[PDB]
Structures are given as structure tokens and as C-alpha cells.
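What follows is a pair of forms of the same protein chain, given separately as C-alpha cells and numbered structure 1 and structure 2.
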Structure 1
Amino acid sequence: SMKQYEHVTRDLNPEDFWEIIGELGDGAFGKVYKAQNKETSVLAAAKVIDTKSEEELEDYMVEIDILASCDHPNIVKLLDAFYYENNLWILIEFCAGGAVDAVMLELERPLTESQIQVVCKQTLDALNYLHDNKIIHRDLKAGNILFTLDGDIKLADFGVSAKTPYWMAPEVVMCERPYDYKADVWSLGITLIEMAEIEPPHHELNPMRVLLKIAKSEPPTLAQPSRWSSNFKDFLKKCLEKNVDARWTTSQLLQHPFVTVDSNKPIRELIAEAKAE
């Protein structure tokens, strides 16, 4: 009778294995450090979470085990996880380009369409893998999308938006097993608008009004539609579809002409400009 015996998270001092090079983001996206393995010299990013209950901790440890089980080139690898002195430390592969939203704030501008296309394609590849393996992400947003040194995307988890449920699907707002595959697809659509406009739809509202606004409004569209291609606008319509029967799956979206793209050059250019700023 096969059974999982233990989590991958260890009850050990992370400092026994990892050196902290420095804090990343100066608090702008949480308590995050650049770290380096003492024996192997491998680089990592370490996120430290102060858990508030046994139940919260267990939920995180379950989620970490899922991440550890993923094997896809566009999903970040888990390098280590520790629980030590009331803190959860989660270490992933270091992604020298950082998070997509942090890049936008650094450069004070959104991604160009050619950049969004690449991010969309690679993130959709990761999301499709998850869905095919019966996993839902539930927190898709630009703060969970990371750039490598070579201009590829890695999907992460537990990210914080760089500086409220903006990415939540309307049926999930209205019906509180609430999250499912279709809800992730909606969140992808919101993330695309986030990358096109820096902030997601309804960012200007009082946050208390946001769920109501999502429930009662038509799906959001791009604020300046003449700046974007018909393919991008159509791809968005397939994600941001209130009728759950008509909202496209990740397998359908993979065939959409918007994500027919062969080169990550636009992202290499983006991160070279961020790196030189």
C-alpha cells in the first residue's frame, strides 16, 4: 500500500548548507535572498516565510512537494526547502533576470508585444504541463514569472507582486474545490494585461471593490487596443471569457497564432537593458 512517507522540506538550519550573498529587491517583492551552496557553489534564490500555524505550514509543505515533483524546462527547480526557527526557507534555482513585474518597475515601462509573446508561449508551456499532470497553479501573475540569464522563462510559485485578488476568475469570485484549470487560464489572461500595462485591471480601485467589479464587469480588454495586434487581442479573448464552456484550454491556446514564435531574442534584449540600468 504505497504511501508518501515524508515531505522534502527538512527540519534543518539552511546555513549549514547555504551562504547568503545578499537580499534581493530591498523588500519590494518580500523576504528574498540570493544564496550559494557551500559545497557545490550552485546559486539559488531563497524565500523566507514566517508561517502562522501548523495548518498553514503543512499546506506550504504539500505545495513544495508538488513543485519538487515538476520536471519541465519552464518551471523553476526546487533546490532545497527547510523549516527552521519558525521560518520556512524555500530555495529555487537562481534566475538572473528576476521577476517580470520587477523588471517592468525597474524600467518604468511595460513589455513590448514581441516580449509578451515569448513570455506567453513559455508560460503556457509550463501551465499546460501542470494541467496535464492534474495540477493547478492558482496564483498565476507576473510576480511568479522569472527570467533566466539566457532569456527563458521559469514559472515559480509564492511570488509577491513587486511594489488584493486581481487575477481571480469571475466564477471563482461568485462561487466561494473553487479553483480549477479554467481559472488558471483566466489568470493567464490577466497576467498578459499586467505585462502590457504594468498593473492588472482595476489596480486603481479601492481594493474592497475589486471582487465586486470582477463579478459584475465584462472581461477586461487592453486599454489602448490600437497599440496591439489582432492576434494578441484574440488570444486574450479566449482566456478572458466569462462563459466557462467557451474559455479555451491550455492545449487549445498552444495552437493559437499569438504563441507561434521561434526566438527568445526579445527577452534577451529586455534583460540586457535591465542589466545595464
Structure 2
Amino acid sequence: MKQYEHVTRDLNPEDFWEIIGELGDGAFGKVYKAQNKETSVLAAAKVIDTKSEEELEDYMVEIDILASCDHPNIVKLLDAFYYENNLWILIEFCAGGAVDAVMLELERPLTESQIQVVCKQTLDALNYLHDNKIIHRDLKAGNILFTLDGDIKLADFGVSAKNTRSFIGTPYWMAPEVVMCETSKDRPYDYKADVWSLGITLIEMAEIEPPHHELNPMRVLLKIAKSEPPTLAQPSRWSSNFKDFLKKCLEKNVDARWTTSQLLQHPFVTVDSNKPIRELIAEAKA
């Protein structure tokens, strides 16, 4: 009975959106390519089997995050429906596809000039999220999408979190940070997990695969905990700016690891043209 701001109930999503293809699979099942029947707008459509009202509430976090964000490098919510025990999420379509799929299709990594554009725009998106106390929690090249104009959008907020999400009592003993709602979850610490993932994603774009890709996943967790942070395999092929930006992300001491606000001041992401990505997608169309 709970009325959700952005979710229609009891209407058939396919009366409005026509499935015209498949975009891939994932933890939440198959993701379709859909087309609005009236406007012809394209969309990625998540279709999530949800049996109970409790499951619906859990999946709603992604919808409320997408609905609340308004940033050019973050995919927008187009529609959402709950119908025949499925939650449909209609999300802005990016026709350039995911960055990891591009590297696999071309069988080569991105160049540094291309990485620099992706890094700047992804950082812009991450900084907006952190400013709004959102943690993406699944950053990787597979969750960065190319537009046909040569920009990127950050996608798949399926495990993202609003990190800060009745009587008061006598207040005389409350700490100032309690009164001011500056809890540990309001501080930079937790959001910096995304900064680490950015650094791994940069190596992934530089080398097609992330560090430790050859290891069993359980062994990868041990390596992450125990090893020094990863570096580029062929460091002499890459600029000191790129390697330095990575060092500020791939820093195991969380307090020393840079915030997105600090990274935005770094010379690696002083760049004002997306032309390397326009070139990447222009040759791919040939």
C-alpha cells in the first residue's frame, strides 16, 4: 500500500515501453533495451523479480538515488513500475556502451589521453555523489558508459547507498557532533572507498584487466588486504601525472587517501576537451 514517489503501481510497463533488445545480464537479472512507445526515447530497463513488499523497499534505494541525482555524468531515472511481481527501472540509455566492453571489442586498452577524459568526468560524477552523501560502491569500467557525443555517464547504482540513511530525550549530555548530526558516516572516510575503486578502474582502463585478475576471487581479497597497493605494470609508458594521481587514490591509509575534492585539483584531470573519446567512438563506427 506504500505509495512511492517515482514508482507506478498496477500499470503494465510494456504499455509504455517496448523491449527492443537486450543489453546484458547481471546480479539483478537481464537488462533490456527499451523504447518509449510515444516518445521513442531509449532506455535501459532493469526488470527485478520482487515477491514481497519488503524486497520492493530494498530495491527502492537505487530508484531514490537515481531520482535525486541531477548531474550530466550520472544516468537519470526515466520511469519505474511495479507490476506482476517485477520492479521495472527505466534508466537513461548511453548508446556508446560500457567502457570495458569497448576495450574487449577493440582488444586493446584506452590510451592515456582517453583515460584522462574518463577520469575527469567520472571524478566529476563521484564528487557530486559524495557531496550528496551517496557512495556508488561498485565503480569499475563496466559501470562507466560512453555517450555518442564522447562523454561518459556513471551507471548501475544497484548497490549504492545514501550513507547517512522518535523521542529526543533530555539533551544536556549530548556531544556537539551528535547535535549537529556529524556522525562517522557523514565524514569523508567511507566515501573514500569509491576513490580507491576509481584508482583500480584507471589501471583497468590502462591494462584492460584490473590488478589481480589472474587470481581466484578469494585470493584476491587476501591480496588486497595484505599487499602494497597496485601500480601500472609498464610505468614508463605513462606520465608522472597519471602515476601520481593513482598514488593518491591507491593509498591504503584512508586518512591519507585523497577526497574527490582534492583529486579535482590534481594536474592529471586538468582537461577541457573530450576529443580523445570522440575520436575513440568515431573510428569505431567506421
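Residue indices: 1-based, along structure 1. In this text, rigid core is short for the largest set of C-alphas that superpose within 1.5 Å between two forms.
Annotation: the position in 171, 199, 139, 106 displaced by at least 2 Å at CA between structures 1 and 2, with the core superposed, corresponds to 171. Residue 268 is not among the residues whose C-alpha shifts by 2 Å or more between structures 1 and 2 once the rigid core is aligned; its shift stays under 2 Å.
Superposition of the core reveals a Cα shift of 2 Å or more for residue 90 between structures 1 and 2. Residue displacement note: residue 158 has its CA displaced by at least 2 Å between structures 1 and 2 (rigid core superposed). Once the two forms are overlaid on the core, residue 58 shows a Cα shift of 3.1 Å between structures 1 and 2. The rigid core superposition between structures 1 and 2 gives a CA shift for residue 28 of 12.9 Å.
Core-based superposition between structures 1 and 2 puts the Cα shift at residue 10 at 4.5 Å.
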